[PDB]
Structure formats: structure tokens, C-alpha cells
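Architecture at a glance
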Amino acid sequence: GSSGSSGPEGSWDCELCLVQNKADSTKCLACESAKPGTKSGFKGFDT
Ligand SMILES: [Zn+2]
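Residues numbered from 1 in each chain as written, not as in the entry; some residues may be left out. Heavy atoms only, no water.

Judging from the entry metadata, solution NMR is the method by which this structure was determined.

Set out below in C-alpha cells:
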């Protein structure tokens, strides 16, 4: 559900060096790369 769900939530696992990182942190620590994410402002069909 919403609270307590099966699966690691929060921390984001890196792909470049394949090393775990802190949620708050935006970039990696081992490779110092840019965390995979999207741009600000949701997208969709609107007028
Ligand atoms: Zn990394």
C-alpha cells in the first residue's frame, strides 16, 4: 500500500558504478554521476 510496502524505497541505486546512494543526494558518491530522473513539471495532454 502507501505505508510500508514490499520493496526498497528512498535510496536510489546508481547504474554507472552500480553503487547505492542517499535519497536526498542528487548525484552519486562513488562515480559522482547524475541520478536518473525527470524534468520539473508533470507532462500530459492539456490546453
Ligand atoms: Zn555511481
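Let us now look at the overall build of the protein chain. Within the protein chain, the regular secondary structure consists of 0 helices and 0 strands. Its C-alpha atoms give the protein chain principal-axis dimensions of about 45 × 30 × 15 Å. Considering the protein chain as a whole, with its 47 residues, one finds that 9% of them fall into the buried category. With an accessible surface of roughly 4,400 Å², the protein chain has 52% of that area assigned to carbon and sulfur atoms. Where the 5 positive side-chain charges of the protein chain centre and where its 6 negative ones centre are 6 Å apart. (Helix = DSSP H or I, 4+ residues; strand = E, 2+ residues; numbered from the N terminus. Buried < 20%, exposed > 50% of the residue type's maximum accessible area, 1.4 Å probe, protein only. Areas by Shrake-Rupley, 256 points an atom, 1.4 Å probe, with all protein chains shown as cover. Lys, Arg positive; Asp, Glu negative; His and termini not counted. Charge placed at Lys NZ, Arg CZ, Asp CG, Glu CD.)

Around the zinc ion, the donor atoms from the protein are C14 (SG), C17 (SG), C28 (SG) and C31 (SG), and they sit 2.2 to 2.3 Å away. Binding-site remark: the zinc ion is held by donors from one chain whose sequence spacing is C-x2-C-x10-C-x2-C. (Donors = N, O, S within 2.8 Å, 3.2 Å for Na, K, Ca; no water.)

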